[PDB]
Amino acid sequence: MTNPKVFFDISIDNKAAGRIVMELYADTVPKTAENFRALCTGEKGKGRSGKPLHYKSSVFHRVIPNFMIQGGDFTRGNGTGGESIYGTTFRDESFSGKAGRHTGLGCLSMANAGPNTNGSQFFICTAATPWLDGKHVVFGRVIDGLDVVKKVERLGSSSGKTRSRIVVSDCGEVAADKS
């Protein structure tokens, strides 16, 4: 099965910062890719929370230079929240193959609250993170807009706090067929 492609458009204190395009490894981890894909489009409607199952207007709430960008918390905005399309949380789908190896700058992996607790939160990695191998399910990579990733990364800090709001001002799927 073909790997979906999805996008985020980013704003920093309400200024357009550009586009990040991601490939999702539906070939390796279909359930995890589909969750993330469906959250990019919003097509599943509202969650158990009653908030949209959608990354639109969510924040990158934690950013650490030479490590990662963390987002996907559309219920609490602060790292404690989020929901998958299957409900609150889901099991680790696999650590086989591409799911088991973090690839450095641009690697997409699921954040969690311990083993087998995937939700909606993710890391866009900004450096090598081999210590996450077999802990975070890897489900994609950034294939365009690494410049925008570096732009966001520079606005982080050691603690992870950002001093401007870094927002996914838009998102969606890039459909296979154009018309």
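When you see a residue number, it is the position in the sequence shown, counting from 1.
When 67 to 75 is weighed against 99 to 107, 99 to 107 comes out higher, by mean CA B-factor as recorded in the entry.
Across the two stretches, 47 to 55 and 33 to 41, the PDB entry reports the greater mean Cα temperature factor for 47 to 55.
Looking at the C-alpha B-factors along this chain, the one for residue 141 belongs to the middle third. Sort the modelled residues of the chain by CA B factor and residue 1 lands in the highest third. Ranked against the other modelled residues of its chain, the C-alpha B-factor of residue 163 as given in the entry falls in the highest third. Among the modelled residues of its chain, residue 10 has a C-alpha B-factor that falls in the lowest third, as given in the PDB entry. In the deposited entry, the Cα temperature factor of residue 122 places it in the middle third of its chain's modelled residues.
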